[PDB]
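Take a look at this single chain, the form deposited without the partner chain, given in structure tokens.
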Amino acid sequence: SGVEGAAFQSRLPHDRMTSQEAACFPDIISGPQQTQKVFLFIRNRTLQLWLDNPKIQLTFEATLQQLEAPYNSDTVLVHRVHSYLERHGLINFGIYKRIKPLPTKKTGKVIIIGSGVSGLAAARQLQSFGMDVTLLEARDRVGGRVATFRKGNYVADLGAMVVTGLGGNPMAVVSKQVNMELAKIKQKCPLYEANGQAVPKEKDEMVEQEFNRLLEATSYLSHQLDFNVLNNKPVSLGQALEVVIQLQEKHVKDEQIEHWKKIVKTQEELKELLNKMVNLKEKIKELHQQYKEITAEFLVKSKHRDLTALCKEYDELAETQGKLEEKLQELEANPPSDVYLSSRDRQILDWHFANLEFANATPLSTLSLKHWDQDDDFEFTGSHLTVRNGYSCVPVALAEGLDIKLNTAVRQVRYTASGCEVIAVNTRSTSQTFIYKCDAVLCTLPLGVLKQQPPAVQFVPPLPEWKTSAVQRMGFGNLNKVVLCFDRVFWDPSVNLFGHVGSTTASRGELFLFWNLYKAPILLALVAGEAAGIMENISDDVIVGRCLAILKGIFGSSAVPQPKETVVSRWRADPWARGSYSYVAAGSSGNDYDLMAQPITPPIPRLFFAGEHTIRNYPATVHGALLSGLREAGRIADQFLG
């Protein structure tokens, strides 16, 4: 299934046309289904040709010469499919050799706000389409939230560092184009408690099992019993989790109660049984006395078959007594669980919640119970990988040949029914400003900058209410890293990651996870959830000291030398980001991502949007950013080039 795999790798069903293709090829969708079969094959085959060699431009001509008969005869259809694929960034995207050099005459001018992956991806597309494009970047580097530290042989990412499974991932193509080295993340993640001792395989698995069960429960509660609103306030994932935990504790307490009652009941039956036996002994004594006084040949017989009958009674009770002392001791030896989670178990469980806070870049109490995993259905297949040589290799290579103006911060964006003006200032001399005129503006401003109050950049006219309302509802998280560069490796080189279990629920996200990913002796420590924003207020030295303390508790002091180099990110305080990435906040939904993607048009579309926050099925990702850029380049070219 070569062509079939090509469609998969392109996130398209191989045997049916998408709604997009239906709209662009209405004559095919509403026509002979045999022609649709032909359409799909041309489409799947063209994708295969491009995917099999993503370093070279796939021209219409080369596509035609590589298609087998009878397909190579339907010249017009092939061109229509090739044009569509190319326009929408499914082929000829990223970085590749052009066999058809760009035309000197550039049509239409577009200003791209932001030199991150979304802006870079859109820029390269728009340029290859023959448009005049210039990127305005506030920083003194490209890449935005993809940021790599490089010094000597030391390499470390302060922003994006993980690639999520290549099957269907556009980054698979970009990886090949820039020769980026990817290493699969080994699953083994040993956990160490606050005292530094490792958590036994048993408990680790047990608690991880409970974590999974608790999450599954919140999903059942949400997508079955429709428990998504309470007191008119949307329910958060954190909220639902604590409720599920409470029920588990209630259930444990109930089975404990019932058990104690079995004990008490058995204990009462015994006391009462012992009491009638004591009375039967007193009744036997009444006989082993008195009994012994000439008709006796019949009086002794009588007193005998009488005194014995009282033993066919007594030791008979000692029997029905042994069946209780047995039942009793059996119960007081097999007690149900005393608690749902021991104090130590709860801390380990909090580590798993912190991990989830890292993945969504926000405390669980802010996540939408109903929509936090709204995009799960779009995950790519395969192991998640890490960028051994620094993720910045992508934006750096994508910037090749582009007209990028660094140290240029945009402060105003004017858009009228007949053109656009973008005002920016030099960040090195806020005295001098710049005024760039253009036909269209592509804003790849991070959601955190768009939420900023007072606003960092002004829109004239101001953005619509349906747009600003979406920006306000959507969540924008935070996550930070501490890069520790050593001259020696004192950790287990075969382990990619290991966790640090915090002491309290509130600080569970503080330096809870360490990553071993590079050539040089470098460790990355994460700061998630509530800890992320707070720790930004701590100086590098103090935060590094707390890292070494964690490390020394694990590997022993004297084993951990002082770091030669350290880097600490503070994404929330970074004025060009104001956070790490978006998340679906309680009260928001995947629809806000669609609203974020909508162009603003006063008589015709003028202001466009790209960025990790404008792509519903792939939010908060580098690939999502990439795709949003390809998407917008297509929408813009359609408007200005037709």
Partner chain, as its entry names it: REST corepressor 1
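Heads up, when I say rigid core I mean the largest set of C-alphas that superpose within 1.5 Å between the two forms. Positions refer to the first chain, counted from 1.
FYI, the form deposited with the partner chain bound isn't displayed, but the following is about it.
J.: Within 4.5 Å of the partner chain in the bound PDB entry: all of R388, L402 and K437, by heavy atom?
T.: None of them does, since no heavy atom lies within 4.5 Å of the partner.
J.: Can you pick out, from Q458, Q472, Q246, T416, the residue that has a heavy atom within 4.5 Å of the partner chain in the bound PDB entry?
T.: Residue within 4.5 Å of the partner: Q246.
J.: Please tell me which of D492, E216, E181, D487 lies within 4.5 Å of the partner chain in the bound PDB entry, judged by heavy atoms.
T.: That would be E216.
J.: Can you pick the stretch from 308 to 316, 120 to 128, 97 to 105, 81 to 89 whose heavy atoms fall within 4.5 Å of the partner chain in the bound PDB entry?
T.: Looking at the other structure, the answer is 308 to 316.
J.: Any of the heavy atoms of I284 lying within 4.5 Å of the partner chain in the bound PDB entry?
T.: Contact check for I284: yes, within 4.5 Å of the partner chain in the bound PDB entry.
J.: Examine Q412 and determine whether its closest non-hydrogen atom to the partner chain in the bound PDB entry is within 4.5 angstroms.
T.: So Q412 does not count as contacting the partner chain.
J.: Is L270 part of the interface with the partner chain in the bound PDB entry - any heavy atom within 4.5 Å?
T.: Taking the distances in the bound PDB entry, the answer for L270 is yes, it comes within 4.5 Å of the partner chain.
J.: Would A198 count as a contact of the partner chain in the bound PDB entry, using a 4.5 angstroms cut-off between non-hydrogen atoms?
T.: No, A198 is distant from the partner.
J.: Judged by heavy atom distances of 4.5 Å or less, which residues of 268 to 294 approach the partner chain in the bound PDB entry?
T.: Heavy-atom contacts within 4.5 Å come from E268, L270, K271, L274, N275, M277, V278, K281, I284, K285, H288, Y291, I294.
J.: Any idea which of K437, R213, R388, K271 has its C-alpha shifted 2 Å or more between the shown form and the other one with the rigid core fixed?
T.: If I go through the list carefully, the shifting residue is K271.
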